[PDB]
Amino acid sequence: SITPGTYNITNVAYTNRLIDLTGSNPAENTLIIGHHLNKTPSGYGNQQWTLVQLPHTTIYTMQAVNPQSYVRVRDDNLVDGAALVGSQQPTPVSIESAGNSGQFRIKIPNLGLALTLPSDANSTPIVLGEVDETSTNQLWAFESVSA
């Protein structure tokens, strides 16, 4: 499973879209979106995500670098279509390798829902979607931010 650490996380369908906390805004419910890289080599802090892992399981918290908002399903409403947002508290996620290259699904534990990017349009908010076998938009790649 992915080692704890700090990553740029890019969509597999839309490889030029990173997970990005809108406007580096620390406010609750700020949306999390798919957005072009906003600074080389690894973006500002709002496109870097630190993963903390529960040993011997695939459960993690994801926290941005700056501001330090965690990834959270808005209002803890774990249903299809629900928005991902920046919050002072995280939603635990299950990050699971897809049979793939170094590709992963970021899943809501035990619900069969996953983070998806529904459009390549820049700034498209990321939402939950149903886990499936053929959609690449709920597939994600992780790249370490250089120390």
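The numbering used is simple: start at 1 and walk along the sequence shown.
Participant: Do the C-alpha atoms of 109-117 or of 91-99 have the higher average B factor in the entry?
Facilitator: Averaged over C-alpha atoms, the B-factors run higher in 91-99.
Participant: Do the CA atoms of 43-51 or those of 100-108 have the higher mean B-factor in the entry?
Facilitator: Higher mean C-alpha B-factor: 100-108.
Participant: Between 57, 66, 38, 29, let me know which has the highest C-alpha B-factor in the entry?
Facilitator: Comparing C-alpha B-factors across 57, 66, 38, 29, the top value belongs to 66.
Participant: Select lowest, middle or highest to describe the third in which the CA B-factor of residue 139 falls within its chain in this entry.
Facilitator: For residue 139, whose C-alpha B-factor we compare with every modelled residue in the chain, the answer is the middle third.
Participant: Relative to the other modelled residues of the same chain, rank the CA B-factor of residue 124 and answer lowest, middle or highest third.
Facilitator: Its C-alpha B-factor belongs to the middle third of this chain's values.
Participant: Using the B-factors in the PDB entry, rank residue 12's C-alpha atom against the chain and give the third, lowest, middle or highest.
Facilitator: Highest third, going by the recorded CA B-factors of the chain.
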